[PDB]
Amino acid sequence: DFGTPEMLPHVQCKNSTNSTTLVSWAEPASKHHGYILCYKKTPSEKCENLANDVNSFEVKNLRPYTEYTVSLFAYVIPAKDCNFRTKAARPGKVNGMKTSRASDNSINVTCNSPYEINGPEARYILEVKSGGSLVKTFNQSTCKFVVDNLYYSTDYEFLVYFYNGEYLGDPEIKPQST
């Protein structure tokens, strides 16, 4: 109906930066208005000629946990797009793992996300070991752990794994004494 959320014509957005753009549109004199800005990555179609007279094809080299759309075209020598999602895989290792003394018997552990997530979620698992024995374990949304109440002159190992909702990746291991 008139005044309900409708798409706006003549929108400008080309004045971009490496990480931003300025989106601008016509100024209505008329009344008071609310707005919804919508955006997505423009994906480019990748086409290939298969072998003649084949019934199936294995599409390879796809990224894990990614939504894709396929279409087939035939020629002699309404059709809907087919949607699928690749299965999840093991994520990569965390980046920039830093182990630091917070106090006399306290250690602070920080890291940044892996580049390859490969799944629906993002969690950080920290294992704390001494002489190969599990001393403490933590599971968080943010890779900022405060590990306190440890023994005074002890060698500890800190193992941070990324969890993507389906898989645990390899740990980034860092030694740190008290």
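We number the residues from 1 along the sequence you see.
Per the record, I77 and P78 are separated by 4 to 9 deposited residues that have no coordinates. Averaged over CA atoms, B-factors in the entry run higher in 13-21 than in the other of 160-168 and 13-21. Taking the PDB entry as given, 27-35 carries the higher mean Cα B factor of the two stretches 27-35 and 62-70. For the set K93, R85, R90, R101, the maximum C-alpha B-factor listed in the entry falls on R101.
Annotation for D53: C-alpha temperature factor in the highest third relative to the rest of the modelled chain, per the entry. In the PDB entry, a CA B factor belonging to the middle third of its chain's modelled residues is recorded for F145. Among the modelled residues of its chain, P43 has a C-alpha B-factor that falls in the highest third, as given in the PDB entry. Ranked by C-alpha B-factor against the other modelled residues of its chain, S130 falls in the middle third. Annotation for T110: C-alpha temperature factor in the middle third relative to the rest of the modelled chain, per the entry.
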